[PDB]
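Below is the file model_14.cif, which contains mmCIF, C-alpha atoms and all ligand atoms.
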data_entry
#
loop_
_atom_site.group_PDB
_atom_site.id
_atom_site.type_symbol
_atom_site.label_atom_id
_atom_site.label_comp_id
_atom_site.auth_asym_id
_atom_site.auth_seq_id
_atom_site.Cartn_x
_atom_site.Cartn_y
_atom_site.Cartn_z
ATOM 1 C CA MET A 1 -8.647 -40.041 19.890
ATOM 2 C CA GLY A 2 -8.874 -38.689 16.367
ATOM 3 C CA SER A 3 -11.373 -36.856 14.192
ATOM 4 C CA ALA A 4 -14.239 -39.138 13.156
ATOM 5 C CA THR A 5 -15.069 -36.986 10.138
ATOM 6 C CA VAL A 6 -12.710 -38.514 7.571
ATOM 7 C CA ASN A 7 -15.509 -39.061 5.049
ATOM 8 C CA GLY A 8 -17.187 -36.227 3.208
ATOM 9 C CA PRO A 9 -20.220 -35.786 0.926
ATOM 10 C CA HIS A 10 -21.382 -38.501 -1.454
ATOM 11 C CA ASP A 11 -22.651 -38.294 -5.040
ATOM 12 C CA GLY A 12 -25.373 -35.798 -5.863
ATOM 13 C CA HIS A 13 -23.471 -32.937 -4.298
ATOM 14 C CA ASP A 14 -24.878 -29.591 -5.414
ATOM 15 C CA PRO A 15 -22.219 -27.155 -4.124
ATOM 16 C CA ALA A 16 -24.520 -24.901 -2.095
ATOM 17 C CA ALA A 17 -24.340 -26.408 1.396
ATOM 18 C CA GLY A 18 -21.651 -28.605 2.892
ATOM 19 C CA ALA A 19 -23.283 -28.346 6.297
ATOM 20 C CA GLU A 20 -20.597 -27.335 8.732
ATOM 21 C CA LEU A 21 -21.966 -28.451 12.057
ATOM 22 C CA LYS A 22 -25.571 -28.285 10.956
ATOM 23 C CA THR A 23 -25.533 -32.039 10.927
ATOM 24 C CA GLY A 24 -23.410 -34.934 12.075
ATOM 25 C CA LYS A 25 -22.539 -34.232 15.670
ATOM 26 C CA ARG A 26 -23.917 -30.846 16.598
ATOM 27 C CA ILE A 27 -26.224 -30.160 19.516
ATOM 28 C CA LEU A 28 -29.716 -31.001 18.509
ATOM 29 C CA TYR A 29 -31.256 -31.053 21.987
ATOM 30 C CA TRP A 30 -30.848 -32.219 25.575
ATOM 31 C CA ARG A 31 -31.799 -35.533 27.096
ATOM 32 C CA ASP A 32 -31.647 -37.235 30.472
ATOM 33 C CA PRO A 33 -29.727 -40.538 30.474
ATOM 34 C CA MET A 34 -32.670 -41.862 32.515
ATOM 35 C CA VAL A 35 -35.219 -40.678 29.948
ATOM 36 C CA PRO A 36 -33.780 -42.014 26.589
ATOM 37 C CA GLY A 37 -36.198 -41.658 23.694
ATOM 38 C CA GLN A 38 -37.475 -38.291 24.797
ATOM 39 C CA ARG A 39 -36.880 -34.991 23.003
ATOM 40 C CA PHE A 40 -36.399 -31.838 25.084
ATOM 41 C CA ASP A 41 -37.054 -28.578 23.258
ATOM 42 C CA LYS A 42 -33.921 -27.049 24.754
ATOM 43 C CA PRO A 43 -31.308 -27.384 27.585
ATOM 44 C CA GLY A 44 -32.173 -27.005 31.264
ATOM 45 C CA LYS A 45 -33.064 -29.066 34.319
ATOM 46 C CA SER A 46 -34.878 -32.363 33.936
ATOM 47 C CA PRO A 47 -38.638 -32.289 34.656
ATOM 48 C CA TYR A 48 -38.556 -35.975 35.606
ATOM 49 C CA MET A 49 -35.712 -35.499 38.044
ATOM 50 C CA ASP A 50 -33.869 -32.481 39.369
ATOM 51 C CA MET A 51 -30.693 -32.725 37.363
ATOM 52 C CA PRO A 52 -29.369 -30.695 34.421
ATOM 53 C CA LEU A 53 -29.942 -32.667 31.232
ATOM 54 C CA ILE A 54 -27.093 -34.315 29.349
ATOM 55 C CA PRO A 55 -26.129 -32.968 25.955
ATOM 56 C CA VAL A 56 -25.801 -35.087 22.823
ATOM 57 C CA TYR A 57 -22.580 -36.201 21.062
ATOM 58 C CA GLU A 58 -20.837 -32.866 20.647
ATOM 59 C CA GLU A 59 -21.930 -31.721 24.110
ATOM 60 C CA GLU A 60 -22.500 -28.007 24.417
ATOM 61 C CA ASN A 61 -21.265 -25.854 21.568
ATOM 62 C CA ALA A 62 -22.978 -26.411 18.202
ATOM 63 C CA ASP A 63 -24.129 -22.905 17.519
ATOM 64 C CA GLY A 64 -20.963 -21.584 19.082
ATOM 65 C CA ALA A 65 -23.000 -20.146 21.924
ATOM 66 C CA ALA A 66 -25.466 -18.122 19.818
ATOM 67 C CA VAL A 67 -22.837 -17.178 17.247
ATOM 68 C CA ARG A 68 -24.521 -19.499 14.818
ATOM 69 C CA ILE A 69 -28.219 -20.138 14.585
ATOM 70 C CA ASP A 70 -30.467 -19.565 17.592
ATOM 71 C CA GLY A 71 -29.718 -23.129 18.686
ATOM 72 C CA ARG A 72 -32.359 -24.410 16.347
ATOM 73 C CA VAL A 73 -31.361 -26.751 13.601
ATOM 74 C CA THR A 74 -33.328 -26.057 10.494
ATOM 75 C CA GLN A 75 -31.672 -29.066 8.924
ATOM 76 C CA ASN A 76 -34.006 -31.922 8.064
ATOM 77 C CA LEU A 77 -30.861 -34.033 7.687
ATOM 78 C CA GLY A 78 -31.716 -35.452 4.285
ATOM 79 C CA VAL A 79 -32.398 -32.011 2.958
ATOM 80 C CA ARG A 80 -29.866 -29.276 2.286
ATOM 81 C CA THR A 81 -30.535 -25.707 1.218
ATOM 82 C CA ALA A 82 -29.065 -22.646 -0.464
ATOM 83 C CA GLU A 83 -29.444 -19.077 0.746
ATOM 84 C CA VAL A 84 -30.841 -16.434 -1.549
ATOM 85 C CA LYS A 85 -28.286 -13.916 -2.637
ATOM 86 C CA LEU A 86 -27.446 -11.754 -5.611
ATOM 87 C CA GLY A 87 -24.618 -13.191 -7.641
ATOM 88 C CA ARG A 88 -24.133 -10.690 -10.404
ATOM 89 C CA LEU A 89 -22.870 -7.139 -10.834
ATOM 90 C CA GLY A 90 -23.217 -5.263 -14.083
ATOM 91 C CA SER A 91 -25.358 -8.078 -15.306
ATOM 92 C CA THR A 92 -29.025 -8.107 -14.340
ATOM 93 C CA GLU A 93 -29.303 -8.715 -10.659
ATOM 94 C CA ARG A 94 -31.284 -11.813 -9.935
ATOM 95 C CA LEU A 95 -31.435 -14.171 -6.978
ATOM 96 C CA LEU A 96 -29.063 -17.028 -7.760
ATOM 97 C CA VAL A 97 -29.984 -20.532 -6.670
ATOM 98 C CA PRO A 98 -29.171 -24.133 -7.696
ATOM 99 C CA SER A 99 -31.250 -25.236 -10.700
ATOM 100 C CA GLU A 100 -32.703 -28.124 -8.675
ATOM 101 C CA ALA A 101 -33.652 -25.771 -5.848
ATOM 102 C CA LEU A 102 -36.806 -24.450 -7.418
ATOM 103 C CA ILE A 103 -39.931 -26.262 -8.552
ATOM 104 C CA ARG A 104 -40.741 -25.746 -12.209
ATOM 105 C CA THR A 105 -44.387 -26.215 -13.031
ATOM 106 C CA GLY A 106 -46.524 -24.986 -15.918
ATOM 107 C CA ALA A 107 -45.550 -21.385 -16.577
ATOM 108 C CA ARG A 108 -44.159 -20.456 -13.172
ATOM 109 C CA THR A 109 -41.924 -21.600 -10.334
ATOM 110 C CA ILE A 110 -42.310 -22.609 -6.684
ATOM 111 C CA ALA A 111 -39.718 -22.551 -3.907
ATOM 112 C CA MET A 112 -39.809 -24.525 -0.700
ATOM 113 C CA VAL A 113 -38.187 -21.882 1.453
ATOM 114 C CA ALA A 114 -36.085 -22.684 4.477
ATOM 115 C CA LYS A 115 -37.768 -20.490 7.028
ATOM 116 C CA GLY A 116 -35.573 -19.391 9.903
ATOM 117 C CA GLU A 117 -38.120 -20.886 12.292
ATOM 118 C CA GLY A 118 -36.816 -24.312 11.338
ATOM 119 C CA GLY A 119 -39.523 -25.085 8.832
ATOM 120 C CA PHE A 120 -40.105 -25.195 5.103
ATOM 121 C CA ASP A 121 -42.774 -23.349 3.163
ATOM 122 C CA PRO A 122 -43.812 -23.196 -0.509
ATOM 123 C CA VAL A 123 -43.650 -19.882 -2.343
ATOM 124 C CA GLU A 124 -44.607 -18.973 -5.897
ATOM 125 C CA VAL A 125 -41.606 -17.350 -7.533
ATOM 126 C CA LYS A 126 -40.486 -16.115 -10.912
ATOM 127 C CA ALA A 127 -37.644 -18.205 -12.212
ATOM 128 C CA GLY A 128 -36.413 -18.431 -15.742
ATOM 129 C CA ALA A 129 -32.727 -18.346 -16.413
ATOM 130 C CA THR A 130 -29.799 -20.724 -16.008
ATOM 131 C CA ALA A 131 -26.242 -19.544 -15.473
ATOM 132 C CA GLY A 132 -23.156 -21.502 -14.463
ATOM 133 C CA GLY A 133 -24.822 -24.566 -13.022
ATOM 134 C CA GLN A 134 -27.372 -22.384 -11.263
ATOM 135 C CA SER A 135 -30.758 -20.919 -12.003
ATOM 136 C CA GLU A 136 -32.053 -17.388 -11.726
ATOM 137 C CA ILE A 137 -34.810 -16.399 -9.376
ATOM 138 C CA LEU A 138 -36.125 -13.345 -11.150
ATOM 139 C CA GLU A 139 -38.716 -12.616 -8.464
ATOM 140 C CA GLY A 140 -40.295 -14.321 -5.501
ATOM 141 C CA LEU A 141 -37.838 -14.543 -2.634
ATOM 142 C CA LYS A 142 -35.402 -12.385 -0.715
ATOM 143 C CA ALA A 143 -31.744 -12.534 0.189
ATOM 144 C CA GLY A 144 -31.231 -14.005 3.610
ATOM 145 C CA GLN A 145 -33.753 -16.756 3.014
ATOM 146 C CA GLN A 146 -32.909 -20.229 1.740
ATOM 147 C CA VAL A 147 -34.366 -22.730 -0.684
ATOM 148 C CA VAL A 148 -34.239 -26.525 -0.697
ATOM 149 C CA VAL A 149 -31.469 -27.869 -2.940
ATOM 150 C CA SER A 150 -30.531 -31.216 -1.337
ATOM 151 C CA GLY A 151 -26.867 -31.077 -2.278
ATOM 152 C CA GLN A 152 -23.545 -30.869 -0.476
ATOM 153 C CA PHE A 153 -20.492 -28.650 -0.885
ATOM 154 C CA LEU A 154 -16.855 -29.630 -0.267
ATOM 155 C CA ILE A 155 -16.034 -27.216 2.552
ATOM 156 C CA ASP A 156 -18.980 -25.323 4.040
ATOM 157 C CA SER A 157 -16.716 -23.122 6.158
ATOM 158 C CA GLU A 158 -16.764 -20.270 3.636
ATOM 159 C CA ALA A 159 -20.562 -20.112 3.815
ATOM 160 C CA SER A 160 -20.571 -20.702 7.570
ATOM 161 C CA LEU A 161 -18.237 -17.746 8.057
ATOM 162 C CA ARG A 162 -21.087 -15.495 6.919
ATOM 163 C CA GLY A 163 -23.329 -14.713 9.810
ATOM 164 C CA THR A 164 -21.106 -16.067 12.550
ATOM 165 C CA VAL A 165 -17.733 -14.318 12.597
ATOM 166 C CA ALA A 166 -18.725 -12.085 9.694
ATOM 167 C CA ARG A 167 -21.651 -9.692 9.647
ATOM 168 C CA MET A 168 -21.971 -6.332 7.845
ATOM 169 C CA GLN A 169 -24.557 -5.359 5.236
ATOM 170 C CA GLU A 170 -24.441 -7.065 1.798
ATOM 171 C CA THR A 171 -21.516 -9.129 3.198
ATOM 172 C CA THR A 172 -19.555 -8.492 -0.001
ATOM 173 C CA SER A 173 -15.813 -8.055 -0.550
ATOM 174 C CA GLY A 174 -13.475 -6.387 -3.018
ATOM 175 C CA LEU A 175 -16.082 -3.761 -3.706
ATOM 176 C CA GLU A 176 -15.255 -0.464 -2.023
ATOM 177 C CA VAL A 177 -16.280 1.910 -4.793
ATOM 178 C CA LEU A 178 -18.402 1.180 -7.846
ATOM 179 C CA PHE A 179 -18.616 3.950 -10.419
ATOM 180 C CA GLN A 180 -16.951 2.617 -13.549
HETATM 181 AG AG AG A 201 -31.761 -38.578 35.593
#
Would you mind giving the structure from this file in structure tokens?
Amino acid sequence: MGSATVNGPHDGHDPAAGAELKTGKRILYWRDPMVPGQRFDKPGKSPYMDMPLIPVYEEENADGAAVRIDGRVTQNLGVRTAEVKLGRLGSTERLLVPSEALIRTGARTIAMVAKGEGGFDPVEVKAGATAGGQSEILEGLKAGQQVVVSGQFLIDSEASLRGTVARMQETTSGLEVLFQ
């Protein structure tokens, strides 16, 4: 048949999230072909009939069977994010995020955090540096949380690989011993 994913991201692509199966054709929910226009919270048997619901486009994988997210898609489609994580060593450890991720106002910063529950929430954060096309979250948020950045990356697989096939604390690499 072919792979109908020949196109990639468009302009305005902040390289924080390429969305690998968080959009496009990944299980969003279940529907009965006799109940189109509905929105079931999750798979199961139809309440209107007694048949197992039919899955959308991809049909029964998406989160790799709980490997990924808890089968919830915290992806508002037109809104991408970037996860909080420390991006320096030796330098002064700060939470690195895309410069457009945070809200600058007055003499402080706000972050609309991507909460794991599939929602977005505003947080007052300390943010005042810029480094390498990114900004520094001095204080405010924690690693493992995300912020809204509305940009796309080329291949999101690298990022996706964290948390699915890869686990471990700090999730770092090429850092066995650090003395000198
Ligand atoms: Ag039916």
Residue IDs satisfying the PyMOL selection byres (((chain A and resi 31) around 12) and not hetatm), as a PyMOL selection string: chain A and resi 27-30+32-49+51-57+59
Between atom CA of residue A:72 and atom CA of residue A:117, distance in Å (one decimal): 7.9 Å
Residue nearest ligand AG 201 (chain A) - candidates A:124, A:11, A:50, A:93, atoms counted: only C-alpha atoms and all ligand atoms: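 Of A:124, A:11, A:50, A:93, the one nearest ligand AG 201 (chain A), counting only C-alpha atoms and all ligand atoms, is A:50.
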Nearest to residue A:132, chosen from A:99, A:92, A:7, A:76, with all atoms listed in the file counted in the distances: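 Using all atoms listed in the file, the shortest distance to residue A:132 belongs to A:99.
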The PyMOL selection byres (((chain A and resi 15) around 7) and not hetatm) applied to the shown file, residues as a PyMOL selection string: chain A and resi 13-14+16-17+151-153
Between atom CA of residue A:127 and atom CA of residue A:94 - distance in Å to one decimal: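 Taking atom CA of residue A:94 as the start and atom CA of residue A:127 as the end point, the length is 9.3 Å.
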Polymer residues at most 6 Å from residue A:84, all atoms listed in the file, same-chain spacing of 3 or more positions, as a PyMOL selection string: chain A and resi 95+143-146
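Interatomic distance, atom CA of residue A:63 against atom CA of residue A:102: 28.0 Å.
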Among listed residues A:111, A:172, A:164, A:156, nearest residue A:86 (using all atoms listed in the file):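 Looking only at the distances to residue A:86, the closest residue turns out to be A:172.
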Output check: residues returned by the PyMOL selection byres (((chain A and resi 103) around 12) and not hetatm), as a ChimeraX atom specification: /A:97-102,104-113,122-128,135,137,147-149
Ref. answer, residues at most 12 Å from (-30.5, -24.1, 11.2) with all atoms listed in the file, as an MDAnalysis selection string: chainID A and resid 17 19:23 26:28 62:63 66:77 79:83 114:120 145:146 160 163
Among the residues A:179, A:12, A:24, A:171, the one that comes closest to residue A:150 [using all atoms listed in the file]: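 When distances to residue A:150 are compared using all atoms listed in the file, the smallest one comes from A:12.
Minimum atom-to-atom distances from A:121, A:162, A:65, A:89 to residue A:141 were compared using only C-alpha atoms, and the lowest value belongs to A:121.
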